[PDB]
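What follows is a set of notes on a single structure, which appears directly below.
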Number of protein chains: 2
Amino acid sequence: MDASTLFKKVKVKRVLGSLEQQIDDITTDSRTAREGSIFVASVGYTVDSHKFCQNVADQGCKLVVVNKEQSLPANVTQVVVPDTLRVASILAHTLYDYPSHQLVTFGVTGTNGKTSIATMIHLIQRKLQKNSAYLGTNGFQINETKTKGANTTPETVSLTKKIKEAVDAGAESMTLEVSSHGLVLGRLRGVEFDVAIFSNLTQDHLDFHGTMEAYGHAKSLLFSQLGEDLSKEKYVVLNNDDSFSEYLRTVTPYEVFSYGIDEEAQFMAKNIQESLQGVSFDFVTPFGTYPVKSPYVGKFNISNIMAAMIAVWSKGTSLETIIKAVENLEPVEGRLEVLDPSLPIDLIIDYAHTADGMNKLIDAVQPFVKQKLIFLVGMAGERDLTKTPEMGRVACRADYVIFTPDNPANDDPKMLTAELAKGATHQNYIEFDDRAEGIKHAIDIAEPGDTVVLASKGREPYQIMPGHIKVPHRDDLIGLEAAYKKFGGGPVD
Amino acid sequence: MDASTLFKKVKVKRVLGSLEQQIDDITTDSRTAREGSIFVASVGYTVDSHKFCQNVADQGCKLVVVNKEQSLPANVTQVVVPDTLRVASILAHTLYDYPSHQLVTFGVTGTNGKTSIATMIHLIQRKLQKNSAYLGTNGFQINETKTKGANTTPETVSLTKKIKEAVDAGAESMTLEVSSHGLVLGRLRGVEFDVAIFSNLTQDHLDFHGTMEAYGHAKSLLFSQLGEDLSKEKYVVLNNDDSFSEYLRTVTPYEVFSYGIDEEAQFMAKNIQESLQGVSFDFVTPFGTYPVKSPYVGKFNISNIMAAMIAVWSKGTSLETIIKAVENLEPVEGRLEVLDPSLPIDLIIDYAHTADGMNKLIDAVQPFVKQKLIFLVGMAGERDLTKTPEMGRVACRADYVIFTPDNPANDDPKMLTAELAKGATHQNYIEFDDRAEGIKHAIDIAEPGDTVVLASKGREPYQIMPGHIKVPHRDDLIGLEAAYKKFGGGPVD
Ligand SMILES: CC(=O)N[C@H]1[C@@H](OP(=O)(O)OP(=O)(O)OC[C@H]2O[C@@H](n3ccc(=O)[nH]c3=O)[C@H](O)[C@@H]2O)O[C@H](CO)[C@@H](O)[C@@H]1O[C@H](C)C(=O)N[C@@H](C)C(=O)N[C@H](CCC(=O)N[C@@H](CCCCN)C(=O)O)C(=O)O
Ligand SMILES: CC(=O)N[C@H]1[C@@H](OP(=O)(O)OP(=O)(O)OC[C@H]2O[C@@H](n3ccc(=O)[nH]c3=O)[C@H](O)[C@@H]2O)O[C@H](CO)[C@@H](O)[C@@H]1O[C@H](C)C(=O)N[C@@H](C)C(=O)N[C@H](CCC(=O)N[C@@H](CCCCN)C(=O)O)C(=O)O
Ligand SMILES: Nc1ncnc2c1ncn2[C@@H]1O[C@H](COP(=O)(O)OP(=O)(O)O)[C@@H](O)[C@H]1O
Ligand SMILES: Nc1ncnc2c1ncn2[C@@H]1O[C@H](COP(=O)(O)OP(=O)(O)O)[C@@H](O)[C@H]1O
Ligand SMILES: [Mg+2]
Ligand SMILES: [Mg+2]
Ligand SMILES: [Mg+2]
Ligand SMILES: [Mg+2]
């Protein structure tokens, strides 16, 4: 469509050159701007991409959106605006014909549980034979096709393009993880949600938000930004076991569905039975109480699966049909996965990376420890360290603790492991600068009948190293390789 | 329409009795429930209206929405829901066919300036010969027809009904004052806004919000609740002279128009000339700079009128035509009105009732004081007193200060005036339990050529007294009557 039409949407602009040209692309990354692209320049944490306008011109781009007039050949049109990224979201949603309005969109936010819930919703939709897309930490997925990405909630143009890809692939719904960063930074501007789901609010990301108050307020935006049009069928799904839900009710007019285990709620889990092979519980609902069998491990995953079921139910699918679908749902990659159960030890991977997440992981696994719990965890580089010793304390619930860096980036890895060590409550721990070395050590220490847990990465396939360089790393593969060496078994070679 | 259709909108409900009946009315006030009404019961600060269901049944109402099953005759249908008021807003907007979606809606929030801006927008629309409605502290107005009300932002059902009245009267737009109370309490659930306008955030209402942080976050809801549908033409108008605007930008994706006097902004006022008869200024805009003549007094009203002009402009009216309309706009009742200029004193009424508002009032009037400034102010009963001595300090910018109660309700009036007195910085003040007595005293003290200001009530026609009883009271009429007695003039009698 033509640039004229697109920029009618923008009231304050200084236009230098013609808007007659056809536009089929928008990008905030100069490296992909071409003839027919709009390149929107912006100020990042690393570079100001206004510096790259000449590059995009060389590549044939004839239209740039900028905060200040640039030095460029006269045949490149410049649109000067006060807020380039705000305009990028307007342009992108317009160009792609409002992709978020074209399918059912589910959004999940919370300190822990975003990937779990979002993936469970996706997997339920697929079990119901519906085309479904997912975007989050585990990347972008349309039905069974997966590609990895750099963020949980990617920057606005990339994100909008992916919603448009889901629409074009024929998705009936798409579920997005909604990071508090993404909300505050405008990455989700223009993304209309139909159902908003909350897991919990516990201490994290204060390097970015400064305070718990600001952090909670950031997550509330997913709920208030649903808007005020009561002719729309929109719904909010809240966790009554988290006290922040009381506040969330006040910021949106749409009907609220509550779930709970400890606290009274509209949907509850009772008579919970746990195993390393999944759970059963009685699912109390406003319409009746029904037996549920779930393949997921732990009470925290009962909260998560209830959130997922209620979200799908809210848009018109019968609970009976959802409960049937949940029974043999596939694993959520990296989230409490029991590896090769034929081993003479329990070998579990999990993504726990905050104190609360670790407590929930250990709560779930500990009842099944026959002998000793061997627990490896990493601390992420370049993140707030204030709750790191607390993570070290929680880890010392285990019998033997291994501390490692996780994505140390430019941080000294020994500083990360030493910070974890400051919280230890017993002397049975060890620190490794190299996480792979730490994993092999965990297997060295493990006896038949022991339980080994590798926490904070799941199957995340890299360590972010100095210069922010990704080096290949797989907890699961390193763990298994070390385990087969020690105990035997494993596929032929 | 029939109750069945209405309640299809509510997913969690326990229905006792038939929904076949016709519904033409909804009410949260039992006193107006009749056959064909839905009565929604709720828990207020004073009474739980669930107690009144039998009354509504006696009056012929056959449908109640309740949080718990009630004792009622079997022929009354009960719909039991978890959140009655949330359902009231859903039912009301549905029943009245989404009245806020049917005209352009402007919403104004801020500590001071809501009535001023909202009224200015209304008056501009009328000057442009467009049907316009206004709802706020000065009541409900459709074109020139006014009725008074109990709140700035009335409870959800009454508010929705008034939007529906504006639609039915043929209004092309309606402007609502948006109180932080109204936002938090859900009074505006279902009210879609097209333009949101911010004035300022200064200390007020902490008896309700507890903190400035929570208070600011409450006002941010007007902006985030605009939603995320970028196919809609919605706009945000922010004051760059207020530091809270930086935060407000982050909570909405829509284009932001900024105004400013002290700080750089897209729309600014320069070369400001002031009189008691209005102002002139050069209005810098993104499209050019234009001379503006405004009948309103003071720099604070220049901020307000710029906000009003930009809001109307944003929905497609030319600035030139708006600027012409502003020239002889009518007064905003109670807000810096110069009374009978034929008097040998300046006699001014104004609604200033916080420290910041008082400073802005005194800033506006002081350059025109030839001799002495005689300044009367009241403190509201049953409100947070923490900034009351500060109000007393600000008042002592005047030469002679009179302290009175304003709507003391059940508070001891002497406690209110004494709290004001604690901030005084000179000895030239006096306190009166009776505000009318204080006004007459102000005139007693005034010499020809003096300036008398009566602040905090405007033309508000009552004092709220013990038992929360309204007794007639008019600052303007009492002031004028006393002034004519002392100085002569005034209409024959
Ligand atoms: C601090 C931050 O925000 N940098 C994000 C930001 O970089 P920069 O601003 O530095 O980019 P830069 O300045 O290079 O470029 C600015 C702009 O210029 C463009 N430009 C750049 C170069 C060029 O040649 N041409 C060009 O046009 C570029 O496309 C961009 O539009 O823009 C990128 C692109 O959009 C994101 O990819 C980055 O995200 C990183 C990966 C991140 O780690 N971000 C974190 C802070 C984050 O967003 N986290 C949340 C939550 C997830 C999370 O935090 N998870 C935990 C997990 C912990 C357990 C791990 N085992 C954690 O990481 O702590 C999320 O991803 O949604
Ligand atoms: C504390 C509060 O919120 N009580 C509001 C609230 O009463 P209650 O909860 O006590 O009502 P109650 O408990 O009696 O009844 C509950 C429910 O039962 C129903 N019910 C009641 C009786 C009955 O016979 N039958 C029946 O069905 C009734 O309709 C209601 O649905 O419900 C009313 C109806 O909806 C409002 O009219 C009240 O608002 C008062 C007037 C107020 O003063 N409210 C203030 C707190 C307020 O809302 N302020 C903002 C901002 C304006 C402001 O604060 N301005 C300053 C001005 C200062 C300068 C003045 N010169 C100030 O006042 O400080 C605003 O109005 O939007
Ligand atoms: N609802 C929950 N409450 C507490 N901890 C949880 C919850 N869900 C998952 N976790 C823990 O946190 C880790 C991260 O879960 P995930 O669903 O990836 O959260 P997020 O996507 O918000 O980071 C899991 O591997 C598990 O240890
Ligand atoms: N923009 C402003 N900034 C500061 N004070 C103002 C502003 N506008 C009005 N005031 C002062 O506050 C009083 C109340 O103004 P009004 O527009 O009624 O505000 P609100 O409706 O928010 O209470 C006025 O009479 C004036 O003294
Ligand atoms: Mg998080
Ligand atoms: Mg995630
Ligand atoms: Mg106020
Ligand atoms: Mg007002």
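Lettering and numbering for the structure tokens are positional, with chains as A, B, ... in the shown order, residues counted from 1 in each chain, and ligands counted from 1 in the shown order.
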Hey, what's within 10 Å of stretch 164-170 of chain A if we count only C-alpha atoms and toss same-chain stuff fewer than 5 positions away? As a list in words, please?
residues 92, 93, 96, 97, 98, 99, 100, 101, 102, 103, 130, 131, 132, 133, 134, 135, 140, 141, 142, 143, 158 and 159 of chain A
List the neighbours of stretch 213-216 of chain A out to 10 Å using only C-alpha atoms; skip same-chain residues closer than 2 positions along the sequence, and give me the result as a list in words.
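Near neighbours after the sequence-gap exclusion: residues 110, 111, 180, 181, 184, 200, 201, 202, 203, 204, 205, 206, 208, 209, 210, 211, 218, 219, 220, 221, 244, 247 and 248 of chain A; 213, 214 and 217 of chain B.
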At most 9 Å is the cut-off: for each residue in chain B with any atom that close to an atom of chain A, write down the nearest atom pair and the distance in Å rounded to one decimal, counting only C-alpha atoms, chain first then increasing number, as a Markdown table.
```
| residue | atom | partner | partner_atom | distance |
| --- | --- | --- | --- | --- |
| B:9 | CA | A:233 | CA | 8.1 |
| B:10 | CA | A:255 | CA | 7.4 |
| B:11 | CA | A:255 | CA | 7.9 |
| B:12 | CA | A:286 | CA | 6.8 |
| B:13 | CA | A:286 | CA | 8.2 |
| B:14 | CA | A:286 | CA | 8.6 |
| B:82 | CA | A:266 | CA | 8.7 |
| B:83 | CA | A:255 | CA | 8.7 |
| B:86 | CA | A:253 | CA | 6.4 |
| B:87 | CA | A:255 | CA | 7.8 |
| B:89 | CA | A:253 | CA | 7.8 |
| B:90 | CA | A:230 | CA | 6.4 |
| B:93 | CA | A:230 | CA | 6.9 |
| B:94 | CA | A:231 | CA | 7.0 |
| B:97 | CA | A:231 | CA | 8.6 |
| B:98 | CA | A:231 | CA | 7.1 |
| B:100 | CA | A:229 | CA | 8.6 |
| B:101 | CA | A:229 | CA | 7.7 |
| B:183 | CA | A:251 | CA | 8.2 |
| B:184 | CA | A:250 | CA | 6.2 |
| B:185 | CA | A:250 | CA | 7.3 |
| B:186 | CA | A:250 | CA | 6.9 |
| B:188 | CA | A:253 | CA | 8.6 |
| B:189 | CA | A:253 | CA | 5.0 |
| B:190 | CA | A:228 | CA | 4.7 |
| B:191 | CA | A:228 | CA | 5.9 |
| B:192 | CA | A:228 | CA | 5.1 |
| B:193 | CA | A:228 | CA | 8.1 |
| B:213 | CA | A:213 | CA | 8.7 |
| B:217 | CA | A:217 | CA | 7.6 |
| B:218 | CA | A:251 | CA | 8.6 |
| B:221 | CA | A:224 | CA | 6.8 |
| B:223 | CA | A:225 | CA | 8.8 |
| B:224 | CA | A:225 | CA | 5.2 |
| B:225 | CA | A:227 | CA | 4.5 |
| B:226 | CA | A:227 | CA | 5.4 |
| B:227 | CA | A:227 | CA | 3.9 |
| B:228 | CA | A:190 | CA | 4.7 |
| B:229 | CA | A:190 | CA | 5.8 |
| B:230 | CA | A:190 | CA | 5.5 |
| B:231 | CA | A:94 | CA | 7.0 |
| B:233 | CA | A:9 | CA | 8.1 |
| B:250 | CA | A:184 | CA | 6.2 |
| B:251 | CA | A:221 | CA | 6.9 |
| B:252 | CA | A:189 | CA | 7.4 |
| B:253 | CA | A:189 | CA | 5.0 |
| B:254 | CA | A:86 | CA | 7.6 |
| B:255 | CA | A:86 | CA | 7.3 |
| B:256 | CA | A:83 | CA | 8.8 |
| B:257 | CA | A:12 | CA | 8.3 |
| B:266 | CA | A:82 | CA | 8.7 |
| B:286 | CA | A:12 | CA | 6.8 |
| B:287 | CA | A:12 | CA | 8.6 |
| B:314 | CA | A:11 | CA | 8.1 |
```
Could you give me, as a Markdown table, every chain B residue with an atom at most 7 Å from ligand 2, plus its closest atom pair and distance in Å to one decimal, counting only C-alpha atoms and all ligand atoms, rows ordered by chain then number?
```
| residue | atom | partner | partner_atom_place_in_ligand_line | distance |
| --- | --- | --- | --- | --- |
| B:28 | CA | ligand 2 | 31 (O) | 4.4 |
| B:29 | CA | ligand 2 | 27 (O) | 3.4 |
| B:30 | CA | ligand 2 | 27 (O) | 3.5 |
| B:31 | CA | ligand 2 | 25 (N) | 5.5 |
| B:41 | CA | ligand 2 | 18 (O) | 6.8 |
| B:42 | CA | ligand 2 | 17 (C) | 5.8 |
| B:43 | CA | ligand 2 | 16 (C) | 5.8 |
| B:44 | CA | ligand 2 | 13 (O) | 3.3 |
| B:45 | CA | ligand 2 | 9 (O) | 3.7 |
| B:46 | CA | ligand 2 | 13 (O) | 3.3 |
| B:47 | CA | ligand 2 | 13 (O) | 4.0 |
| B:48 | CA | ligand 2 | 18 (O) | 6.1 |
| B:49 | CA | ligand 2 | 18 (O) | 4.5 |
| B:52 | CA | ligand 2 | 27 (O) | 6.4 |
| B:150 | CA | ligand 2 | 37 (O) | 5.2 |
| B:151 | CA | ligand 2 | 66 (O) | 3.5 |
| B:152 | CA | ligand 2 | 67 (O) | 3.8 |
| B:153 | CA | ligand 2 | 67 (O) | 3.9 |
| B:154 | CA | ligand 2 | 35 (O) | 6.0 |
| B:155 | CA | ligand 2 | 35 (O) | 4.5 |
| B:179 | CA | ligand 2 | 67 (O) | 4.8 |
| B:181 | CA | ligand 2 | 50 (C) | 5.3 |
| B:182 | CA | ligand 2 | 67 (O) | 5.4 |
| B:351 | CA | ligand 2 | 61 (N) | 6.7 |
| B:353 | CA | ligand 2 | 59 (C) | 5.6 |
| B:380 | CA | ligand 2 | 58 (C) | 5.8 |
| B:383 | CA | ligand 2 | 64 (O) | 6.0 |
| B:406 | CA | ligand 2 | 61 (N) | 5.8 |
| B:407 | CA | ligand 2 | 61 (N) | 6.6 |
| B:456 | CA | ligand 2 | 61 (N) | 5.0 |
| B:457 | CA | ligand 2 | 61 (N) | 4.3 |
```
Near-ligand residues for ligand 8, threshold 7 Å, only C-alpha atoms and all ligand atoms, as a PyMOL selection string
chain B and resi 114-115+136-137+152+177
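With only C-alpha atoms as the atoms that count, the residue of B:116, B:59, B:294, B:109 with the shortest distance to residue B:195 is B:109.
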